[PDB]
Amino acid sequence: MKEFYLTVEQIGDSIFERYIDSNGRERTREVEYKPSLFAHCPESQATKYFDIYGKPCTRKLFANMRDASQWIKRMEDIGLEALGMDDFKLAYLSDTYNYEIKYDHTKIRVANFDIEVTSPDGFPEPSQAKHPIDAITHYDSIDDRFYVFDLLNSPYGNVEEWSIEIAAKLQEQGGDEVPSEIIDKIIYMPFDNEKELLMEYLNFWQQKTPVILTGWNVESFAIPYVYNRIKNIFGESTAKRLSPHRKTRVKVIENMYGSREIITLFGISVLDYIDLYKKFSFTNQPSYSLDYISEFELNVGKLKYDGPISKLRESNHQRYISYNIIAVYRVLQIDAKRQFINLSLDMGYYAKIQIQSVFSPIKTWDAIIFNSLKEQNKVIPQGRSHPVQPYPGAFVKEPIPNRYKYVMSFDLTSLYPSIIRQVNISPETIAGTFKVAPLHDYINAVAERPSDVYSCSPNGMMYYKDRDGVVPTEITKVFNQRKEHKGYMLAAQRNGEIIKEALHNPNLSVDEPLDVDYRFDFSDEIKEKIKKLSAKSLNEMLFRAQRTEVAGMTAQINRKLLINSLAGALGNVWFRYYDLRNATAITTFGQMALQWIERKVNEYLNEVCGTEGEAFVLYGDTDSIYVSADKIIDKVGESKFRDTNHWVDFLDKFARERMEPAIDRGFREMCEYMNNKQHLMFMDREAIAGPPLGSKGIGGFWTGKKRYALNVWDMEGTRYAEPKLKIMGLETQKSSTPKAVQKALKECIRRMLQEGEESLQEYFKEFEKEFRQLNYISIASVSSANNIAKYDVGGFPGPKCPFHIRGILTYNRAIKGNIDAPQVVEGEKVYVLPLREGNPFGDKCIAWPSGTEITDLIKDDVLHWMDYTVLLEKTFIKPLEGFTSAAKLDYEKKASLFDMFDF
DNA sequence: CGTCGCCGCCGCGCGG
DNA sequence: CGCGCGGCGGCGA
Ligand SMILES: Nc1ccn([C@H]2C[C@H](O)[C@@H](COP(=O)(O)OP(=O)(O)OP(=O)(O)O)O2)c(=O)n1
Ligand SMILES: [Ca+2]
Ligand SMILES: [Ca+2]
Ligand SMILES: [Ca+2]
Ligand SMILES: [Ca+2]
Ligand SMILES: [Ca+2]
C-alpha cells in the first residue's frame, strides 16, 4: 500500500512523525528536516521558482529549522518579504507525501475514553487533580475492545469488583442494561490502589498509543486531569509518557471571558467529540451534557441513578462502572451515525495537515493552496499584518408582512464558491479596477459595461480571463466532492419517502429488510418488493435510509462549510490570502445577482400574466428568491385540480419548463454584462409551498426579514408523503425558546398553514388551559452565561445587568457556601425561569446549569414560585401574536352578531 | 484566527 | 408598556 502519516510535530530541529509504512505497520521516525524558504531575485538569473504573480524567486535551503526561522526574523529587520511555507511540518508533509493520500482507517488507532473522579468538595478541577482517579474506560478502535480500569480501594471508599453478569442484565432485573453487543468486548481490570492503576494505564497507553484521541470533554477535563494527577503523584516525566515523543505543553486559550489551560500532547491528535459536534452538527443545543446529546442523537434514555454522583461510587459501584462504560460507547454510537471522525480524516489527509487542524479552515485552506502551488513550482507569499476592517455582505429584501398562499422558491447552487469560479477571483488573478456606478445601475442594466477585456464584479474589481486562479481551481475540486455526497443524501431522502408511503399499507408476514444501497434511487424491482413488506422490515429499512441520509448530510454540508469558509477567510486578517477587494467582490456580485434576477423574474411573470409593475418576488435573502404562485394557480383555477399532488406537479412543471429557462437566460445575460470567465449562476427551483387542496390553511406567512413559515410539499426533488413545515427564524427554531413552547408554537403554525383560523383558536384555547401542568424544564428559557463577573456587584446585579445574568446571580446567592451545588460555568448554558413577586430568592428570575435538574436545595421553592403567567406571555403569546397579526389571523375568536341564538 | 445581516428581549432613559 | 439605542444572544444565509 501507499504510505501515509498519522501525526507530525516539530520539536526544535527535528520532525517527529508517526506513520503507516508500505506494509501497514505503524512506525515512528525523527528527521532532521532541511526546510526551504524563498526570496525574490533579479529577473536575469535562471530559476524554476516563481511567486504567484510570476516574479522569479531564489530557493534558500537551510541547515536546520531554527536557522530558517531566524532568517525570517532577519528579513523583517531588513524589510523584505520572506516567502514560502513557514510552518515547517506542513512543508515536510508536502515533501514526504508528494501524491494524493490514500489512507486506511483500519490502521489508524482511534481512542475513545472517559474517566471517573469522586469528589465531595465540589467540581474536581483538572489543574489541581487532588482526588483519586477511580475509573477509566478506554476503547481502542483497532482491538475493538473496551478496557476498563477500576479502582477498588480509595480514601473515599473501598468497593467490591464490578460484575459483568449484573451489568448485562435488564434494569428491571436490577442490572445496568449495558448493550449486549459490547459485553463480549469488555476487558475488565480491577486495581488495589491508584498508583498501580495509573502505572498499568501508562504501560497500556505505551503499547496502544492513540493516534486520534477523542471522547466527551476530554480536552477540557479527562486529558488534563489524567496528566495532572500523574504529574502530582509521579512527577512530570511520568505524566509526559502520554506523549509518544515525551513532550507536552501547558498552554492557555486566549478568549474574552477568562482563561482555561489545556495540555498539548505532541504526537497525538486530540479531537474532542464535543468540539467536533459543535463545528459539524449544525445544531445549537440547550445542553451539551452527554445524556442530553445522546438522547437527541440516538433516542436513548438518560442514565438514571439516586443521590449525587459524588456518592455514586460508594453507594452503587456496580452502576458507577457500568455508566462509565456506557458513556464511552455512546460517543462511538453518535459517531457511527454522524461520522465526524471520518469527515476529519478525509479533510485532514486531503489538505495534508495535522488531523486536529480540521477545526481551522484557515489552516486547512492554507495547506491545500500551498500544496497546489508547490506542484507547479510556485511560491506562496509571506503572511502580513492587517487591521481588522468591516465590509458588506449579502442582500436581504424587506418582505411585506402577510400570509402567502402559493409559494415557489428558487435557489442558486453554492453561490459564493460559484461566484469565485464565474468571476475568477483569486489573489493572483487581480487585473485592475474600473469606475464603479451605483449598484442599482448594474442591477437595472443601465450602467456602462465594466470591461471588454477582463472579468468583473460590481465592486470595481477586474480579473484575468486567460487562466484559472488557484482559489477557483481548488474550490472547484471540493465543490465537486460536495456535489457527489449531496446526490447520495438526496437519493437516500427520496428513498425514505417511498418507505414512508409503503408503511401506510404494511403486509402481514415474517420477512427481512432488502439489502439495498440507499445512496441510489430505488429501482422498480426494489419498489415492488417494498410494497410487499411487513411494518417491522419497512421500519428497519427506513432507519437505514435515514442513517444513509445523515451520513450524506455530514459529508456534503461540511464540505459546503469548508468552501464557504474560504470565501469568508478572504475577509479574515490571519488568512495568508486575506484581501478585502476579493471578499467584497464576491459579496457585492451576490447582491447584484440576487436583485438582477428579481428584476428578471418579475419582468417574465408580468409578461406571462399580461400585467405591469406586479411584484411576484415577495422575498429574497442572499441567493434565493420567493415567488408568489397565486396567479399561476388561479389562471387554471383550483377546481381543475384532482388533489394537492396535482397542483404540486403543475407548479413543478411550470418551474422547470418555463421559469428556469427564463432564469438561465437572465443570468447568461448578466455574465456577459460582467464579462465573466464562465457562466455558473445556476438557479433551480427549491420549494413548492401551499395549503392542502380544499382546506382553509393559509399556506405560509412572513413577519419580516429572516422570519417565515411555509407548508412544503416538495423540496429540491423530494416529494414528501406528508407535508413538511419549513420554518426559518421564528421562535420554534431558537434554542432559547422553551421546549414545550417550541412544540406548541409549531402546532399553532401547522394549524395556521394547513387547517386555518378556526383550528388555530381551538388549539390555543386548550394550550392556555393546560399550560401550568407542563414540566418546569420543558418551559424554562435557555441562554448562554457570558460575563457573569462583569455584572456581579457583591452578589447583586450591576448596571445594565442582563435578565439571564440576574438569574445566575440569584442562583449564586441561593447556593452560596454549598460545595455540593452545581456551579454555573462562565460561557456555558443555563435554564432560566421567572419568579413571582415576594419569593424567597429576592429577585424576579433564577437560572441554573442546563441539562440538569436544579439542585434539591431550591427545587421545591422554584416550582412553587415559578411565574407561569409571565412565562406564558413572554415566550408563547407574544410570538403567537406576532405570527397571527402578520398572517391577518386571530388566535382568539372575535365576537360576532351570531352571539347569541341559543339563548 | 471563515464571513456579514438582522432578528427579538432586555435595561435604560426617556417621552412634556 | 409607549419609543429608540446599545448589549446581547442567536439564527439565516
Ligand atoms: N455559513 C455560511 C452560509 C452561507 N453563506 C453564503 C455563501 C452561500 O453561497 C450563500 C447561500 O447559502 P446557502 O445556504 O443557500 O448554500 P449555498 O448556496 O452556498 O449552497 P447550496 O444552496 O447548494 O446548498 O450564502 C456564507 O457566507 N456562510
Ligand atoms: Ca461521569
Ligand atoms: Ca443556495
Ligand atoms: Ca439546490
Ligand atoms: Ca403493502
Ligand atoms: Ca439559500
Side-chain angles (χ1 to χ4, degrees), chain A residues 253-257 279 282-286 357-366 383 385-386 388-399 401 409 411-412 414-417 475 557-558 560-580 582-584 586-588 590-591 594 619-625 686 702-708 726-737 781-787 790-791 797-807 827 829-830 832 834 844-845 870 873-875 878-879 881-883:
Chain A
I253 303 289
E254 289 181 336
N255 66 116
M256 211 159 65
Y257 312 117
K279 195 193 178 59
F282 287 78
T283 64
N284 197 11
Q285 295 293 6
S357 294
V358 300
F359 290 117
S360 162
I362 282 171
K363 181 61 68 154
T364 302
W365 282 112
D366 198 48
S385 207
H386 310 285
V388 169
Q389 282 189 294
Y391 68 101
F395 177 78
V396 191
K397 181 184 173 68
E398 194 73 67
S409 70
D411 178 76
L412 281 145
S414 274
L415 182 63
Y416 280 20
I475 209 172
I557 208 178
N558 292 303
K560 164 185 161 168
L561 177 57
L562 186 64
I563 59 180
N564 282 352
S565 301
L566 179 50
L570 293 174
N572 178 293
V573 298
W574 299 100
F575 194 40
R576 191 180 299 271
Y577 310 99
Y578 172 80
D579 193 330
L580 254 8
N582 287 346
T584 306
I586 299 163
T587 68
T588 311
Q591 289 204 355
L594 179 64
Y619 183 64
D621 182 347
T622 310
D623 76 329
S624 69
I625 52 157
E686 200 171 55
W702 267 255
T703 86
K705 285 180 181 177
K706 292 190 175 288
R707 290 187 57 96
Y708 64 91
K726 187 183 168 61
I727 305 163
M728 302 315 299
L730 312 185
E731 277 80 2
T732 57
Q733 311 309 103
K734 295 164 92 76
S735 62
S736 48
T737 303
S781 288
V782 182
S783 194
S784 291
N786 298 319
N787 289 312
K790 174 173 180 176
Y791 295 101
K800 305 174 175 165
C801 184
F803 188 83
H804 64 291
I805 300 298
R806 180 178 294 267
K829 280 168 172 188
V830 283
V832 179
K844 68 186 178 180
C845 63
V870 166
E873 280 303 332
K874 259 155 58 172
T875 70
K878 200 178 171 179
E881 201 139 46
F883 307 164

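Just so we're on the same page: letters track the sequence lines, and every chain starts at 1.
As a whole-Å value, the separation of A:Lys878 NZ from B:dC7 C1' is 13 Å. Distance A:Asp621 CG to C:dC11 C1': 11 Å, rounded to the nearest Å. Note: CD (A:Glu873) to P (B:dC9) measures 12 Å, nearest angstrom. Going from atom CD of A:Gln591 over to atom P of B:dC4 covers 13 Å, rounded to whole Å. Atoms CZ (A:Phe395) and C1' (B:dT3) sit 19 Å apart, rounded to a whole Å. The separation between A:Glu398 atom CD and B:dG5 atom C1' is 12 Å, rounded to whole Å.
Across all strands shown, C:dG4 forms a Watson-Crick or G-U wobble pair with B:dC12, both key distances being under 3.5 Å.
The backbone N or O of A:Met728 sits nowhere less than 3.5 Å from a side-chain atom of A:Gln733 that would complete a donor-acceptor pair. A:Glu731 places no side-chain N or O within 3.5 Å of a backbone atom of A:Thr737 that could act as its donor or acceptor partner. Counting only distance, with no hydrogens or angles, the side chain of A:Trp365 and the backbone of A:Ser565 share no donor-acceptor pair below 3.5 Å.
Across B:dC12 and C:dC1, the matching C1' atoms stand 14 Å from one another, rounded to whole Å.
Among the nucleotides C:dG12, B:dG8, B:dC1, the one closest to any side-chain atom of A:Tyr708 is C:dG12. With distances taken from any side-chain atom of A:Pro392 to the nucleotides B:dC7, B:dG5, B:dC9, the minimum falls on B:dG5. When distances are taken from the side chain of A:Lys705 to each of B:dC9, B:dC7, C:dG9, the shortest belongs to B:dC7. Checked against C:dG7, B:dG8, B:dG5, the side chain of A:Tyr791 finds its nearest nucleotide in C:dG7. Across C:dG12, B:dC1, B:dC4, the shortest atom-to-atom separation from the side chain of A:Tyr391 is found for B:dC4. Here the nucleotide nearest the side chain of A:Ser783, chosen from C:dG9, B:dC10, B:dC7, is C:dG9. For A:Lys706, taking side-chain heavy atoms from C-beta onward, the closest of the listed nucleotides B:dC6, C:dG10, B:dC4 is B:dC6.
Under 4.0 angstrom from either OP1 or OP2 of B:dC9 there lies no side-chain N or O belonging to A:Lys734. Between A:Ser736 and B:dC9 there is no side-chain N or O to OP1 or OP2 distance below 4.0 Å. Phosphate proximity of C:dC8 to A:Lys790: present, with a side-chain N or O under 4.0 Å from OP1 or OP2. In this structure, A:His804 does not reach the C:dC8 phosphate: none of its side-chain N or O atoms is under 4.0 Å from OP1 or OP2. Side-chain N/O atoms of A:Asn284 include one lying less than 4.0 angstrom from OP1 or OP2 on C:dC11. OP1 or OP2 of C:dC11 sits under 4.0 Å from a side-chain N or O of A:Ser735. Contact between the side-chain N/O atoms of A:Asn786 and the OP1/OP2 oxygens of C:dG9 is found at a separation under 4.0 Å. Applying the 4.0 Å criterion to OP1 and OP2 of B:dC1, one finds that A:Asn572 has every side-chain N and O outside that range.
Scored by the ring pair (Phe, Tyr, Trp, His ring centres under 6.0 Å) test, A:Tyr577 finds A:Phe575 as partners (sequence neighbours excluded).
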Protein and nucleotides 11-15 of chain B: nitrogen or oxygen contacts under 3.5 angstrom:
residue: B:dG11; atom: OP1; partner: A:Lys844; partner atom: NZ; Å: 2.7
residue: B:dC12; atom: OP1; partner: A:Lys800; partner atom: N; Å: 2.8

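In terms of heavy atoms, A:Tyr619 sits closest to A:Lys706 at OH-N, 2.8 Å.
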